[PDB]
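For reference, the structure is listed below as structure tokens.
Number of protein chains: 4
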Amino acid sequence: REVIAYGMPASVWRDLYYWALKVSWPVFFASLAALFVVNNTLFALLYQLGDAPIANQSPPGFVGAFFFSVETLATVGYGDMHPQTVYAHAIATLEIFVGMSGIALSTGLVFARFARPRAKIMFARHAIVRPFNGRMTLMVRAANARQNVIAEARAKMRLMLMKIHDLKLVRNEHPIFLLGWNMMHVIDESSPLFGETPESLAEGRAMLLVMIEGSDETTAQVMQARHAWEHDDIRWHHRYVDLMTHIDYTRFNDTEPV
Amino acid sequence: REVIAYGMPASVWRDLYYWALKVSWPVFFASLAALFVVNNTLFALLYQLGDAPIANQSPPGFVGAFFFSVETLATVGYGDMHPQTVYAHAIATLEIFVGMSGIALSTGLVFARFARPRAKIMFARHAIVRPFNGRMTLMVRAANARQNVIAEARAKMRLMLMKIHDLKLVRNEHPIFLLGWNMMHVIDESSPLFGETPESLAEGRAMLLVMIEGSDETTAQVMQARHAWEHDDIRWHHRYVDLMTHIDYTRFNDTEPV
Amino acid sequence: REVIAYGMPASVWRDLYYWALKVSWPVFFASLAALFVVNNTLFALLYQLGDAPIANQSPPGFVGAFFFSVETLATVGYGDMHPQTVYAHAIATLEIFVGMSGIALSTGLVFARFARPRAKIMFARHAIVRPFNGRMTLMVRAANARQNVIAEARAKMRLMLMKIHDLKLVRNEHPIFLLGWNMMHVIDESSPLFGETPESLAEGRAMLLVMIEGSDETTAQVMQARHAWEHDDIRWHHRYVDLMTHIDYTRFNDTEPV
Amino acid sequence: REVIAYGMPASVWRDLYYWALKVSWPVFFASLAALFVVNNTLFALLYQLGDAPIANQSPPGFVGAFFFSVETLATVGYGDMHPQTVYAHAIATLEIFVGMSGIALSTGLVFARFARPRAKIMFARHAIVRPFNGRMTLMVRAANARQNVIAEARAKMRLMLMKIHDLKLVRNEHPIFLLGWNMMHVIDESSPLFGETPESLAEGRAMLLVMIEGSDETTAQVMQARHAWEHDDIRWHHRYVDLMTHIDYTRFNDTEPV
Ligand SMILES: [K+]
Ligand SMILES: [K+]
Ligand SMILES: [K+]
Ligand SMILES: [K+]
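Protein chains in written order, with the authors' numbering: chain A, 36 to 195, 206 to 289, 296 to 309; chain B, 36 to 195, 206 to 289, 296 to 309; chain A', 36 to 195, 206 to 289, 296 to 309; chain B', 36 to 195, 206 to 289, 296 to 309. A prime marks a further copy of an entry chain.
Below is the structure:
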């Protein structure tokens, strides 16, 4: 329900909403569909019972109530009235409620899926540490990916487990006018990544953690994304292939030493 | 409507929405159901009146309009037209509006319940004060519980009533990359929990108050949770049983002295 | 559309949503109702036209299409089919779309009204300036009013027009565990309300401006409220009648000199 | 999909929601309408097929199923039952689902459009730099434009590309009680716009960038707006025509030297 190995409390139900809002839009509707079917049968197989018959329609039996059902659960009432007997009515009433209620939770999950924040921030499969305007400085570079932003990013660091406050891999600029961002930080004394070697990190399970946060002007939702680099991912003495006016994005991740 | 003894202004109505969005999902739908019924009768008992009859259907009387009603309030129109007389029509029109409108407020409360933030932060039934990397420091440890976060926590303290600003039981890190958080604070001079003994607190109704706040990347809602420790809950000279790679929360709360 | 005298750009439409989400819930539904009617007529009076008749129902003429209409706009289809002629169909189709669409915007405004933040912060009709634990200090006191919070408040000040940064009428505590809050600030040198008399303010159109901001744990919406005091409202050398365990709220605003 | 020249990954679908929530409200509904039509045909042209006929209604052929269709997709069930044959039923069932589902995504996009933040911040077509209370200071002035706020604004500056941290064109007040805001900043040493002339900027493609951010108390959405001034837009040695008690925005933009 989380990131590497969990044993805690859970409950089918919620786990379900999860899928509801994480699945693809066809797999979604299919999901309903499949449920529509299952929910149309269970009511049909509850019609061929009772104190009297139902399917006063074209279909002889079952296939009647079914196509009857698919006229009430969804509440379309088409026009072949089977309000013939009480038991018969009840069932049909119990249905009407449901489907009406069902349409809700569906129209419901729908909006809930729409509401999923909509922008996404993509980060460089690889970090890099190079010499810059003087001293040694680290670098990570991310960028928008659909409906822009204009964010601020904090940048934390993990070794040993103590999570050290690294001058925000923004250390130079905590924010920016995002439509191409190159987050970076000087490794001078002040910094905790001082005298530390690729060998130094490696042993401390060292991790570079970054999170950009910005609001989507289009929906004003403030959506934040995070990203983690494993020590062996910080590729040394390199740089990012230039990308640009226009930016072309294919080679975003690659690097080359210096 | 609040925490220990209130006497103030109020108004039924809202108090209701409350329940709407705090009750269990069956108790919910039942609620509607029950209301559906009540709302189907009141319209039926408004049919057996007027200038003319209604139930031109299977049911002789009442049980007719009812099962008629449950064809309009929900708006299913099935197919036994009782638009026979004016008065008869009106009633049926007044209905149609309603139910149509009713379905709304229901589909409505629904989304409003979905929208309830969805993550929850769980805290250690017990605080703890132990020696760490040198001096005496307090500790509380909380963790996610369904759809993660990545929050910041302030930590306040109560004795006596003056609520003292304790260097955020985050004093070391006001935030973190939450998926296991261990909030803690050094008790040196600067700190207000300095020279204070289990006996010292006890008399001041001393309380440890903590609140983590973070946004759910999945819905971007910023949901905060709080938690209070009673002085006799801060268990001294202990530590938290280790929990981890994997974390097994089963033993999240336990501790063992040092 | 704003607070004392405006002349700018506007547009009926939006001004309308305004009312939609500011009116009372009956005035609301009435609003629709009234619109339902108006929207049922305009379609009826568009039926008694065309290439052929419509009202093949109980009502002789008009009152027929109407009660017909109120069977389609809302989309209930009851059961007296007037799909007799093309023109006749069209009209009925144009309708079906609408009402279906209309039900939307209605179910729509509905949720939009629900979504109105739900907590409200009430402030003391009167500020007060009294001597406290030593020096002269100002004071304002607000409190919840339905579904609590736990907020932080900034406090600004206006004279001359320059809006001076007054050590947040929280100057002592920028936040609190809100369920009765008494915001206050020392008037020592540091403070801009230093040597200033009721006569001093009065001439500078002096204003005390306050805003509390907190999140509603129940909906996680962060709702802020503001409040302004006119110089002659800061009542001097007084205090707030005590109010309290339980708080009883009737005399919240009153004061008495010292 | 962005601001000057892009070449990157994408996918129709989302690009669509975009339009959904950016188009005008008629162009909207038209959009649906047009789709209603297209979606009514494709089902009709799927009726004149199968193992048996359909249009047992007024219209001889096609125009029958169509007006039939427009009775089910929308789910109105009017009353000329064509549940005559299986194939015939299926088609009609496949429809019912859809339209029911379709109404959702529509009621859906609807709320999603409503939810578009609703306030907007307007800025002075022209900046200005004048002498104030002593030294030379810059100035920009913005103001609400429908449902107020109460925001905080950061103010950045561009020359050359290095984006210099200018003491927030709020440098005097980072916030305010917005209902007329006049953002300004002293140009002393500390400031990066020090000794720089209209000629100095011009060559560095100099840009004044501002962004106000505040929450709409009415919906608690925090909506931010931005605005950029081209160096030749900062009009020197001027001021803003006064606007006020009442403010008449008609003359919001104008200025006059000093
Ligand atoms: K119907
Ligand atoms: K019917
Ligand atoms: K019907
Ligand atoms: K019929």
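Cβ coordinates follow ideal geometry from the N, Cα and C atoms, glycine included.
If you drop the 5 nearest sequence neighbours on each side, which residues of the same chain put their C-beta closer than 6 Å to that of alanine 109 of chain A?
Walking along the first sequence from the start, residue 109 of chain A turns up at place 74. These residues qualify, in order along the chain: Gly134.
Name the residues in the region 83–112 of chain B whose C-beta lies less than 9 Å from a C-beta of chain B'; which are they?
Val111, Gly112
Residues with a Cβ closer than 6 Å to any heavy atom of ligand 4, in chain order?
A:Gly114, B:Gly114, A':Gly114, B':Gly114
In whole angstroms, what is the alpha-carbon distance linking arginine 189 of chain A and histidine 283 of chain A?
Taking the first residue of the first sequence as 1, we reach residue 189 of chain A at position 154. Taking the first residue of the first sequence as 1, we reach residue 283 of chain A at position 238. In a straight line, the C-alpha of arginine 189 of chain A is about 23 Å away from that of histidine 283 of chain A.
Give the DSSP bridge partners of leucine 254 of chain A, in chain order.
Within the first sequence, residue 254 of chain A is the residue found at index 209, counting from 1. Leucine 254 of chain A is bridged to A:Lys191, A:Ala273.
Please specify which runs of the beta strand (DSSP E), each continuous and at least 3 residues long, are wholly inside the region 111–180 of chain A', giving them in chain order.
162–166, 171–178
Range of the contiguous alpha helix (DSSP H) that encloses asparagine 74 of chain B'
The residue given as residue 74 of chain B' occupies position 39 in the fourth sequence. Element bounds for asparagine 74 of chain B': 60–79.
Using the beta-carbon of each residue, which ones in chain A are nearer than 9 Å to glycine 114 of chain B?
Taking the first residue of the second sequence as position 1, residue 114 of chain B is located at position 79. Per Cβ cutoff of 9 Å: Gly112, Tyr113, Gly114, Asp115, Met116, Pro118.
Check the Cβ-Cβ distances between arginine 250 of chain B and every residue of chain A', and say whether any is below 9 Å.
Numbered from its first residue, the second sequence carries residue 250 of chain B at position 205. Not flagged as an interface residue toward chain A': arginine 250 of chain B, since no C-beta distance is shorter than 9 Å.
What three-state label does DSSP hand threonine 301 of chain B' in the structure shown?
Counting from 1 along the fourth sequence, the entry for residue 301 of chain B' is found at position 250. It is helical.
Could you tell me whether the region 251–259 of chain B' touches the region 170–180 of chain B', using the rule of 3 or more Cβ pairs below 8 Å?
yes
For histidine 297 of chain A, go through chain B' and note every residue whose CB falls closer than 9 Å to its CB, in chain order.
Numbered from its first residue, the first sequence carries residue 297 of chain A at position 246. What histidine 297 of chain A touches in chain B': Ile39, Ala40, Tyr41, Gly42.
If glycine 137 of chain B' sits next to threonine 142 of chain A, beta carbons under 8 Å apart, how far is it from one beta carbon to the other, in whole angstroms?
To locate residue 137 of chain B', count along the fourth sequence from 1; it is residue 102. To locate residue 142 of chain A, count along the first sequence from 1; it is residue 107. A Cβ-Cβ distance of about 11 Å is found for the pair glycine 137 of chain B' and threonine 142 of chain A, leaving them out of contact under the 8 Å criterion.
In chain order, what residues of the same chain have a beta carbon less than 7 Å from the beta carbon of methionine 157 of chain A', not counting five sequence neighbours either side?
Numbered from 1 along the third sequence, position 122 holds the residue referred to as residue 157 of chain A'. Same-chain partners within the cutoff: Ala177, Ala178, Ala180.
Does any C-beta atom of chain A' lie closer than 9 Å to the C-beta of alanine 270 of chain B?
For the purposes of this step, residue 270 of chain B is identified with residue 225 of the second sequence, where counting begins at 1. Cβ-Cβ to chain A' under 9 Å: yes for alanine 270 of chain B.
Within 9 Å of any Cβ in chain B, is that where the Cβ of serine 136 of chain A' sits?
Numbered from its first residue, the third sequence carries residue 136 of chain A' at position 101. For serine 136 of chain A', the answer is no, since every Cβ of chain B falls outside 9 Å of its Cβ.
With distance defined between alpha-carbon atoms, name the residue in B:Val309, B:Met43, B:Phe103 nearest to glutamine 119 of chain A.
As a working note, residue 119 of chain A is residue 84 in the first sequence. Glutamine 119 of chain A has its Cα closest to that of B:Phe103, out of B:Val309, B:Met43, B:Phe103.
Assess contact between the region 227–237 of chain B and the region 263–277 of chain B, defined as three or more Cβ pairs (one per stretch) separated by less than 8 Å. Is contact present?
no
Could you compute how far the alpha carbon of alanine 154 of chain A' sits from the alpha carbon of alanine 251 of chain A?
The count along the third sequence starts at 1 and reaches residue 154 of chain A' at position 119. The count along the first sequence starts at 1 and reaches residue 251 of chain A at position 206. For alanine 154 of chain A' and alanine 251 of chain A, the distance between alpha carbons rounds to 45 Å.
Taking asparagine 168 of chain B and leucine 224 of chain B to be in contact with their CB atoms under 8 Å, please state how far apart those CB atoms are, rounded to whole angstroms.
Translated into the one-based positions of the second sequence, residue 168 of chain B becomes position 133. Translated into the one-based positions of the second sequence, residue 224 of chain B becomes position 179. Incorrect: roughly 23 Å between the Cβ atoms, too far for contact.
Go ahead and pull the three-state DSSP assignment for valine 267 of chain A.
For the purposes of this step, residue 267 of chain A is taken as residue 222 along the first sequence, with counting starting at 1. DSSP places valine 267 of chain A in strand when its eight states are reduced to three.
Whose C-alpha, out of B':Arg302, B':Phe146, B':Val215, B':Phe222, is nearest the C-alpha of residue 198 of chain B'?
In the model shown, chain B' runs from 195 to 206 with nothing in between, leaving residue 198 of chain B' without coordinates.
So does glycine 225 of chain A' have its beta carbon nearer than 8 Å to some heavy atom of ligand 3?
In the third sequence, counting from the first residue as 1, residue 225 of chain A' sits at position 180. No, the beta carbon of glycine 225 of chain A' sits no closer than 8 Å to any heavy atom of ligand 3.
Taking only beta-carbon atoms, is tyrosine 53 of chain A less than 9 Å away from chain B?
Position 18 of the first sequence, counted from the start, is the residue given in the question as residue 53 of chain A. Chain B contact via Cβ: present.
Give the secondary structure of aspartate 50 of chain B by DSSP, where H, G and I count as helix, E and B as strand, and everything else as coil.
On the second sequence, residue 50 of chain B is found 15 positions in, with the first residue counted as 1. Reduced to three states, the DSSP call for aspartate 50 of chain B is helix.
Report back the beta-carbon spacing between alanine 90 of chain A' and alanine 100 of chain A' to the nearest angstrom; my notes put them in contact at under 8 Å.
Here residue 90 of chain A' is taken as the residue at index 55 of the third sequence, counted from 1. Here residue 100 of chain A' is taken as the residue at index 65 of the third sequence, counted from 1. Going by Cβ atoms, the distance from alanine 90 of chain A' to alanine 100 of chain A' rounds to 5 Å, so yes, they are a contact pair.
With 9 Å as the threshold, decide whether the Cβ of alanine 190 of chain B' is near any Cβ in chain A'.
On the fourth sequence, position 155 is the one that residue 190 of chain B' refers to. No, its Cβ sits nowhere closer than 9 Å to a Cβ of chain A'.
Listed in chain order, which residues of the region 143–165 of chain B have Cβ atoms closer than 9 Å to some Cβ of chain A'?
Result list: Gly143, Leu144, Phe146, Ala147, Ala150, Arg151, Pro152.
Between B:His117, B:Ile126, B:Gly112, which lies nearest to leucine 77 of chain B when the distance is taken from Cα to Cα?
Along the second sequence, one-based indexing puts residue 77 of chain B at 42. The candidate whose alpha carbon is nearest that of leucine 77 of chain B is B:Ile126.
What residues does ligand 3 have around it, judged by CB closer than 5 Å to any heavy atom, in chain order?
A:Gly112, B:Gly112, A':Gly112, B':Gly112
For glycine 85 of chain B', I'd like the list of residues in its chain whose CB is within less than 6 Å of its CB, leaving aside the five on either flank, ordered along the chain.
In the fourth sequence, counting from the first residue as 1, residue 85 of chain B' sits at position 50. So the qualifying residues of the chain are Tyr122.
With distances taken from CA atoms, which of B:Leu51, B:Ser46, B:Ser66, B:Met229 is nearest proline 166 of chain B?
Working through the second sequence from its first residue, we reach residue 166 of chain B at position 131. Minimum Cα distance to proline 166 of chain B is reached at B:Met229.
Please state whether DSSP places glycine 249 of chain A in a helix, a strand or coil.
Here residue 249 of chain A is taken as the residue at index 204 of the first sequence, counted from 1. The answer is coil: DSSP assigns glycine 249 of chain A none of H, G, I, E or B.
Paired residues, beta bridge with residue 205 of chain B' - DSSP:
As shown, the structure holds no coordinates for residue 205 of chain B'; chain B' passes over it, running from 195 to 206.
9 Å Cβ cutoff, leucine 140 of chain B' in contact with chain A:
In the fourth sequence, counting from the first residue as 1, residue 140 of chain B' sits at position 105. It does: the Cβ of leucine 140 of chain B' has a partner Cβ on chain A nearer than 9 Å.
Say yes only if the C-beta of residue 204 of chain B is nearer than 8 Å to one or more non-hydrogen atoms of ligand 1, and no if none qualify.
Residue 204 of chain B cannot be located in this model; chain B continues from 195 straight on to 206.
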